[PDB]
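Reviewing the structure listed below.
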């Protein structure tokens, strides 16, 4: 079962989906093919986007409508 | 000028677009990643904004090491 | 010398030097000093503000005669004439080496292909004067129309080491100058953590405007400026360039009037006298920059006019050839006893090692001797507690070049007297040493028992007979610093002439570049072929198994 | 090994290594890599967060077998047991070398003369924690009752290099720490130009509290504090000391509770783990300092437990012995490809050169081999444009140690990918080289005529076959930096054991001190007797003819 979940098999039988939270932690040298598509490319593209935004905000390079640096990030989300 | 104060982590790019969020500030959400298993993906974007991308990658590396331990160890030493 | 290459080991002077080395096998400098009270007078020389003491060397008057004979037989005088006159001494690249031209005054004319390059030199100098006067008088303003006070030089190699050395050494004559060389993003982050985009002016120093690390750092700086509030149409007030690629700097967004020229005949490691030293002039002023140029010019005149027995560059180069080719010394320590001169060793490393680190002659034939040692060292009075122990009691022959001034710019009680005493004592301990008898006598005077004396004596014995040179100045001003740098440049040139090599090409840096592109493509791409070797492939896999 | 000294060159393993060197004369690493796809796997090892690739070396499996045999025959395992257990391995000074004890946890007990020195270690650690927590929480105040934010370490040698290295390398984990080592008054002036006497706290780091330069700088700092408004009775809040001379620090005006202990069994160059690293703990915190100690302790455990074929310190030391004693390499380059690790080479220079720069064995007999090379190098991607040309195309054999992390603390676009690629490509170009055929083929592909091709080909040829080691980490954190420092400490120890020398005494620094007192007395006094040599006398006269 662990092999199936790590390999991308649709272990979420009710929703007919894979459970690939482990894929989010794999390094750039790992490749996982889901329906013939390498989802690790999506994982690391999202990671690079995350790095870009984090570096922008941390270096005070992100500014609001008054063109002042932002120092309060508020996550609106549940669960 | 709303785009500098609202980014989104979502699978609904059009909805975030009509909210007034730029496409380059919309982070992808995937079906194979469950909500309660998604702190490793762009959902953990605030966390990376607090600890930095190096520490976020360190967290990912620790989770990956645990994945390797789970996959490789015999069940008598599998934590 | 750059057209017809001979074997220097076949010269009669070389064979005479081999025989003299066999004879001098048993030579000890201590005995030469007790048997010759005039040794210092015989083996010291002066040139402008520089004083070279080379008496603490494994030489006799016969040794200096033979070394001067070898310098003459190799054609050092004619080679220096050719280099100073604009002949293509860079045979491999078919270029002249005219770093000396950068220090010539306005009355000097040098024709290269029927064109007076001194006009270019002094036009660049006048442009430098204009920009330095604009910035110093707070007449240069950014995109917020505020005066600039942070000049950041984005450049590597010769665009970084020489200018930074002169900026640090000439601090008592000083707008804050910073340097950004490493492609390591941590250096860029640390630098820009102290910079305001409205206030910082960037000098992009790249010859072809295509150097990987320099272009990456310049692109990062432009992105930082744009994302810090600066506007694209107004970028010109924060980015000037020293380059031979005017169009590239043009599409970067740099005005043509802020583009300083780089010439082929000026090597990168020999270019602190040209517009590459623009940050230095921005820190010390144009008068002090011209004083540095005048000191370098005075050293050039001393090199060209003096007989080889009193020619400081020729004497230093011949001592280096002596120790590296007849005593098997593979390294040369540079010990400047001045806190401002602590970065002298880095520039000396580039200048000497990138130039004389060759294994083919000017025509391409393999060399017949050792050409180019390792340059190392560090600031004085700090290396005594760090690595002078190996100099005193190690098993290696490491010639040392001590550099110290007589006058300190910031005297603190008797600290400079102690610094001078420490430099002199290090040289004297290198030459003298401590024998078994002296160590035993000191232990007995300390009252230790006979068994303890005989146990401790061998460990305290310093062999001595370690050669050293001392360079003394009255003060480290721009003029004497320029003379010092030019003296080491000419020493490197003379050594390269003796070894028959090209001191002005760097062909050993291209393979690393090609392999860097290959390794980067392997690191980033997903389905890449295996690397050429399993070690590079394993390191690529180690990167890929950990990078996110 | 510190009591009975033998001749290492007489060991059968040494003679086997000589025969193997004769056999390996014609060995080329490129051929070994095309003829063995598993070479990287065979010649790489890991330990905690450190990965050592030593496949790009002039070795075969037989070479590693013979080097491990020599390490066993010299008694490296028993010597390491003796050093770790508290035996007086410093035979000349009759002291133990217990820098490893400084990294042991509270559950470890080590009895020296019936006393548990680990109690002292952890009492000092708790004192360090108390002071660091006081200063970090702004609970430490000066004579104006204002919080201190500038900690200045007045110390030289081991009190300066190691702490400053760890402070700079662990910057992403950081009160500002400054260092004042040079007796040069210009350094003191530059330092105090940024300091407020109401705010600066000085740590006087001197073992005997009698070191010339350290005492002079401390006296200058005390005078500066008194003349800047501070009061004598309240001086205690600006001067703490790390010293073995409690009374001297007492009459300086330092409280006994602010005097940190220095022990004889801790050498100066091995003391960044003790209270000497107090400034470092003041910059990174006590948790990160303990993480550094834990990494060093993990490296100690790896050194003590691993077989010599997978023992990273033993492998590095044996490769160094191999190249320095059988291939005639007199220097070793250290190339850290990390901007924060740029000062690694200075501490490595002190650690290696002051320890292994010896020419007598533990019993005092002369050594029978070369013991201790020159350590040099510099920050990565900066030396490629400075001195890697000599590495690629020079005539010297210089083994190189590349150090690079996989993850950057401050990523800037793809700059760290390029840094990693540059490190890997430098190693690969060192191993491979470019032959005449490859250069000619590239020139032909560029379209150059045949005459131009044959003129330019010999100059572009890189010989290759230059050995190198690569040390990789995931990230440069306190733990892995501590492991790296401890690995190099153990490598130095193993090399000193192989050479039969004392790696923990420094007897080559006393003669310079005595001669410094003599030269200072001659410089200052009016009617002084002439110096022992005419060169020192002439330099004294040059000083006297210009000093006012």
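Protein chains in written order, with my numbering: chain A, 1 to 79; chain B, 1001 to 1079; chain C, 2001 to 2548; chain D, 3001 to 3548.
Every residue gets a Cβ at the ideal spot worked out from N, C-alpha and C, and that includes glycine.
Pick from the options that is closest to residue i, judged by C-alpha positions
i	options	result
residue 3170 of chain D	D/3475, D/3496, D/3525	D/3475
residue 25 of chain A	A/10, A/6, A/69	A/6
residue 2539 of chain C	D/3204, D/3470, D/3258	D/3470
residue 2527 of chain C	C/2512, C/2535, C/2533, C/2544	C/2544
residue 1026 of chain B	A/63, A/52, A/60	A/52
residue 2056 of chain C	C/2043, C/2210, C/2063, C/2481	C/2043
residue 2396 of chain C	D/3128, D/3108, D/3324, D/3408	D/3324
residue 3274 of chain D	D/3244, D/3034, D/3197	D/3244
residue 2124 of chain C	C/2257, C/2317, C/2332	C/2257
residue 2154 of chain C	C/2177, C/2132, C/2133	C/2177
residue 2386 of chain C	D/3374, D/3366, D/3069	D/3374
residue 2317 of chain C	C/2074, C/2032, C/2007	C/2074
Beta bridge counterpart(s) of residue i as assigned by DSSP
i	result
residue 2377 of chain C	C/2334
residue 3243 of chain D	D/3261
residue 2360 of chain C	C/2366
residue 2501 of chain C	According to DSSP, residue 2501 of chain C bridges with nothing at all.
residue 2949 of chain D	Because chain D in this structure spans residues 3001 to 3548, residue 2949 of chain D falls outside the shown range and cannot be described.
residue 3022 of chain D	According to DSSP, which records beta bridges pairwise, residue 3022 of chain D is partnered with nothing at all.
residue 3047 of chain D	D/3050
Interface residues of chain B facing residue i [CB-CB closer than 8 Å]
i	result
residue 2546 of chain C	1061
residue 3347 of chain D	What residue 3347 of chain D touches in chain B: nothing, since even the nearest Cβ is about 24 Å away.
Where the alpha helix (DSSP H) through residue i begins and ends
i	result
residue 3301 of chain D	3286 to 3305
residue 2029 of chain C	2029 to 2034
residue 3312 of chain D	3312 to 3326
residue 2135 of chain C	2117 to 2136
residue 2540 of chain C	2534 to 2544
residue 2165 of chain C	2161 to 2169
Listed by chain order, chain B residues near residue i by CB distance under 7 Å
i	result
residue 21 of chain A	1033, 1034, 1037, 1038, 1040
residue 3478 of chain D	Correct list: empty, because the minimum Cβ distance to chain B is about 13 Å.
residue 25 of chain A	1040, 1060, 1063, 1064, 1067
Beta strand (DSSP E) segment containing residue i, residue limits
i	result
residue 3422 of chain D	Where residue 3422 of chain D is concerned, there is no enclosing beta strand (DSSP E), although the alpha helix (DSSP H) it sits in stretches over 3415 to 3432.
residue 1043 of chain B	Premise fails: residue 1043 of chain B is in no beta strand (DSSP E) and is neither H nor E.
residue 3144 of chain D	Looking at the DSSP string, residue 3144 of chain D is not in any beta strand (DSSP E), and its letter there is neither H nor E.
Proximal residues of chain C, C-beta to C-beta of residue i below 8 Å
i	result
residue 1057 of chain B	2548
residue 61 of chain A	2224, 2227, 2228
Within chain C, partners of residue i - CB distance below 9 Å
i	result
residue 3381 of chain D	2156, 2181, 2182, 2183, 2184, 2213
residue 16 of chain A	Here the premise fails: no neighbours, minimum Cβ distance about 28 Å.
Closer than 9 Å at the beta carbon, the chain A residues around residue i
i	result
residue 1005 of chain B	64, 65, 70
residue 1074 of chain B	Simply none; closest approach about 13 Å.
residue 1022 of chain B	Simply none; closest approach about 11 Å.
Proximal residues of chain A, C-beta to C-beta of residue i below 7 Å
i	result
residue 2541 of chain C	29
Under 8 Å from the C-beta of residue i: neighbouring residues of chain A
i	result
residue 1052 of chain B	54, 58
Contacts that residue i makes with chain D (C-beta to C-beta distance below 9 Å)
i	result
residue 2055 of chain C	3533, 3534, 3535, 3538
Measuring CB atoms only, is the region 3351 to 3368 of chain D touching the region 3395 to 3402 of chain D, in the sense that at least three cross pairs come out at less than 8 Å?
No contact exists between the region 3351 to 3368 of chain D and the region 3395 to 3402 of chain D.
For the structure I just gave you, are there three or more beta carbon pairs, one from the region 2411 to 2423 of chain C and one from the region 3176 to 3195 of chain D, closer than 8 Å?
In short, these stretches touch, since the Cβ pair count reaches three.
For the region 2305 to 2313 of chain C against the region 2192 to 2204 of chain C, do three or more pairs of beta-carbon atoms, one drawn from each stretch, fall closer than 8 Å, so that the two count as touching?
Short answer: they don't touch.
Could you tell me whether the region 2484 to 2497 of chain C touches the region 2235 to 2252 of chain C, where touching means 3 or more Cβ pairs closer than 8 Å?
By the Cβ rule, the region 2484 to 2497 of chain C does not count as touching the region 2235 to 2252 of chain C, because fewer than three pairs are nearer than 8 Å.
Would you check if there are 3 or more beta carbon pairs closer than 8 Å linking the region 2494 to 2508 of chain C to the region 2199 to 2217 of chain C?
Counting C-beta pairs with one atom in each stretch, the region 2494 to 2508 of chain C and the region 2199 to 2217 of chain C have fewer than three that are closer than 8 Å, which means they do not touch.
Would you call the region 3138 to 3147 of chain D in contact with the region 3327 to 3343 of chain D, where contact means no fewer than 3 C-beta pairs closer than 8 Å?
Segments in contact, no.
Taking three-plus beta-carbon pairs below 8 Å as touching, is the region 2058 to 2067 of chain C in contact with the region 2075 to 2083 of chain C?
Short answer: they don't touch.
Are the region 3513 to 3522 of chain D and the region 3088 to 3098 of chain D touching, with three or more C-beta to C-beta distances below 8 Å?
No contact exists between the region 3513 to 3522 of chain D and the region 3088 to 3098 of chain D.
Taking 8 Å as the threshold, find out whether the region 2384 to 2394 of chain C comes into contact with the region 3340 to 3354 of chain D through three or more Cβ pairs.
Contact holds: three or more Cβ-Cβ distances are below 8 Å.
Quick test of the definition: if touching needs 3 or more C-beta pairs under 8 Å, does the region 3209 to 3224 of chain D touch the region 3152 to 3168 of chain D?
The region 3209 to 3224 of chain D makes contact with the region 3152 to 3168 of chain D, as at least three CB pairs between them are under 8 Å.
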